[PDB]
Structure formats: C-alpha cells, structure tokens
Amino acid sequence: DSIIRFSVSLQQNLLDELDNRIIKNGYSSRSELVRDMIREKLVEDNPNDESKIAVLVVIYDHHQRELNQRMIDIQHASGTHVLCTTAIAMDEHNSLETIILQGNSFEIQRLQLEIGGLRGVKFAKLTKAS
Amino acid sequence: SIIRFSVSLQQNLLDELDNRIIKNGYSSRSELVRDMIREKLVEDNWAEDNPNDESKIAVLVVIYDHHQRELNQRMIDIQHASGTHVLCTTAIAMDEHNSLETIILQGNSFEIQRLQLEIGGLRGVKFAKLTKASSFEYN
C-alpha cells in the first residue's frame, strides 16, 4: 500500500514553468517530475540559538503600494538585527533588495518566510553564513 | 493565482519529506516542495540555451580577508574580466580582518557561475555563494 497522493499548491508562474520543463525534459507528468525532484533534493541541519550572519535576497514589485512598509514592519518586529538593506531597480516593474542581518536560525527562517509570503514579493532567498 | 495538483509517491520517501516541513518553518508539505521546485527549475533554466544572453540576475555573497594584499583588487580584476556587469556592491565588516559583501550581478549564466568559482578559489575567501534568479520568477 506504498503509494500515496499529497497535494501541492503552486503560484501560476511556477506551475507554467514546471509544465514547460516536463515537456522539454521528456517527463510524462507533473507527478513524475516533482517526485524525481524530491528524490534528488534529499541526497543534496538543526536550527539552534547561535547567532549567525545571513543575507536575504528579495525581488519584489516596486509598484505594490505599502509593500516596503510591510517589509519594514516585519524586519522591525523580527528578533533579527538588520545591519543594512540595499535596493536597486531591475526594470520598470521589479526591484532587488539585499538584506544583511544577524539572528539565530529560528528568527532568520521566520523572517524569510514572512517576507516571502507578502503579495508583491516574487521571491525571498536566504544565504546563511554559519 | 494558485493551482493545486496531486503528486504520487512512496510512503517511505514521503516520510523523509513530510519530516522537514515543521523544521523548515512550514505549515503544509507544499512549501518545502514549492521551494524545492523553484530551486530546481531555476537550476534547469541556468543550465540551458544562451551563451549570448546577458539578462540573468544574481547575487554573489562573499566573505573575505581584506587585510590580504591584492585580494580585493584580484576580485575586481576577475569581475572586470568575467563579462558580467556589477549593478551594486554592499560591504560590511564582520571582524577586524573579514568583510562580507553582496554583489548584485547581471550577465549570462556561464559568466556569473565562473565568477563565483574563480572568487571562491582565492586564498583569503572564506565563503562565496550565488543566489540565482530566473525571469519566470519575476516577469
């Protein structure tokens, strides 16, 4: 009784790229590709109280009103210590921000997920320097 | 929008997966999987097509010893020669000898990855890691 189904929810842009990759790489279903991705990513981590330096890279829609304020509210309410943020415009729609910060594993993970979840944020990717 | 779809897999495999959800800050299995999917699709995209494209954007994060003679200049020379275009560099001191810099880069996937490899190989560079982005994520 070893095969189960579990649901996955994808934003449409990601789902469209997944479908294109299934076609380009000769997979026969979304289920097959995702399954293989999971198998692969495993081969390729405990959170702790130790202070670490980290960088969060965020790409966001700079026309989204109040988005910067929300990010600031999250940064200030997080237990992390943000050293600095730097932001540049990529194009007429998007900006890229790098946030350099220090905190423990729990605090930094939470910040990444809170920012990543905001409407208008295209992604929030973390680099940890432990 | 958001479109949900079903994935089938062996319970054994699923147990390891469902195992890092609560650990990775997630509330549902999707989000570890969503991020694995994102990561893998970006890698695939960077692996293909354009030796002529120069539209990729990335961030290289470096920790290095700025007391070391010529290291700062060496990293600059490497950058100048890579063909990549540096959009912005931010630097902070972590201690007396070590700085962290974030370098926002534009260029082709080849040039950017090589820049990372070359910088990472220098004496006095303690850490060099690239954050990759693909246009399907933001366009």
# chains A, B, ... in the order shown; residues from 1 in each chain; ligands from 1
>>> closest_atom_pairs(of="chain B", to="chain A", cutoff="7 Å", atoms="only C-alpha atoms", output="Markdown table")
| residue | atom | partner | partner_atom | distance |
| --- | --- | --- | --- | --- |
| B:1 | CA | A:12 | CA | 5.6 |
| B:2 | CA | A:11 | CA | 4.5 |
| B:3 | CA | A:10 | CA | 5.5 |
| B:4 | CA | A:9 | CA | 4.1 |
| B:5 | CA | A:8 | CA | 5.4 |
| B:6 | CA | A:7 | CA | 4.4 |
| B:7 | CA | A:31 | CA | 4.4 |
| B:8 | CA | A:5 | CA | 4.4 |
| B:9 | CA | A:3 | CA | 5.1 |
| B:10 | CA | A:3 | CA | 4.4 |
| B:11 | CA | A:2 | CA | 5.3 |
| B:25 | CA | A:109 | CA | 6.6 |
| B:30 | CA | A:8 | CA | 4.9 |
| B:34 | CA | A:10 | CA | 6.6 |
| B:38 | CA | A:14 | CA | 7.0 |
| B:136 | CA | A:13 | CA | 6.4 |
| B:137 | CA | A:122 | CA | 6.2 |
| B:138 | CA | A:122 | CA | 5.6 |
>>> write_last_selection(atoms="N, CA and C atoms", output="short mmCIF file (atom, residue, chain, number, x, y, z; two decimals), in the first residue's frame")
data_model
loop_
_atom_site.label_atom_id
_atom_site.label_comp_id
_atom_site.auth_asym_id
_atom_site.auth_seq_id
_atom_site.Cartn_x
_atom_site.Cartn_y
_atom_site.Cartn_z
N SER B 1 -2.52 33.75 -9.40
CA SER B 1 -3.43 32.70 -8.94
C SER B 1 -2.66 31.62 -8.19
N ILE B 2 -3.37 30.55 -7.85
CA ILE B 2 -2.75 29.36 -7.26
C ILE B 2 -3.46 28.10 -7.72
N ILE B 3 -2.70 27.17 -8.28
CA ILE B 3 -3.27 25.93 -8.78
C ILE B 3 -2.69 24.76 -8.00
N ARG B 4 -3.56 24.00 -7.35
CA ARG B 4 -3.13 22.82 -6.62
C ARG B 4 -3.19 21.62 -7.54
N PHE B 5 -2.26 20.69 -7.34
CA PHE B 5 -2.26 19.46 -8.11
C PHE B 5 -1.71 18.34 -7.24
N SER B 6 -2.05 17.10 -7.60
CA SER B 6 -1.69 15.94 -6.81
C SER B 6 -0.37 15.34 -7.25
N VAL B 7 0.43 14.92 -6.28
CA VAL B 7 1.68 14.23 -6.56
C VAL B 7 1.63 12.86 -5.89
N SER B 8 2.00 11.82 -6.62
CA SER B 8 2.03 10.47 -6.07
C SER B 8 3.45 10.04 -5.77
N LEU B 9 3.64 9.35 -4.65
CA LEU B 9 4.96 8.86 -4.27
C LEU B 9 4.89 7.83 -3.15
N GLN B 10 6.00 7.12 -2.94
CA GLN B 10 6.06 6.07 -1.94
C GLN B 10 6.09 6.62 -0.52
N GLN B 11 5.37 5.96 0.38
CA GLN B 11 5.27 6.38 1.78
C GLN B 11 6.65 6.57 2.41
N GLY B 25 10.07 25.63 8.83
CA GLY B 25 9.23 26.78 9.15
C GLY B 25 7.86 26.68 8.52
N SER B 30 3.51 21.39 1.10
CA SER B 30 3.75 22.13 -0.13
C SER B 30 5.00 22.98 -0.10
N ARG B 34 7.39 23.33 -2.74
CA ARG B 34 7.31 24.51 -3.59
C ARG B 34 8.70 25.09 -3.79
N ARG B 38 10.95 25.40 -7.05
CA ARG B 38 11.51 26.65 -7.52
C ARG B 38 13.01 26.52 -7.76
N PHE B 136 11.23 33.74 -15.14
CA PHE B 136 9.89 33.18 -14.93
C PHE B 136 9.42 33.44 -13.49
N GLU B 137 10.36 33.70 -12.59
CA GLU B 137 10.02 34.03 -11.21
C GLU B 137 9.49 35.47 -11.05
N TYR B 138 9.86 36.37 -11.95
CA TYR B 138 9.53 37.77 -11.73
C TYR B 138 8.94 38.53 -12.91
#
>>> residues_around(residues="residue A:105", least_positions_apart="4", cutoff="8 Å", atoms="only C-alpha atoms", output="PyMOL selection string")
chain A and resi 47-52+109
>>> atom_distance(atom1="atom CA of residue A:111", atom2="atom CA of residue B:57")
22.8 Å
>>> atom_distance(atom1="atom CA of residue B:81", atom2="atom CA of residue B:114")
10.7 Å
>>> residues_around(residues="stretch 87-98 of chain B", least_positions_apart="5", cutoff="6 Å", atoms="only C-alpha atoms", output="PyMOL selection string")
chain B and resi 64-67+103-105
>>> residues_around(residues="residue B:79", least_positions_apart="3", cutoff="10 Å", atoms="only C-alpha atoms", output="JSON, numbers by chain")
{"B": [73, 74, 75, 76, 82, 83, 84, 85, 86, 105, 111, 112, 114, 115, 116, 118, 119]}
>>> atom_distance(atom1="atom CA of residue A:130", atom2="atom CA of residue B:135")
29.6 Å
>>> closest_residue(among="A:75, A:43, A:62, A:24", to="residue A:115", atoms="only C-alpha atoms")
A:75
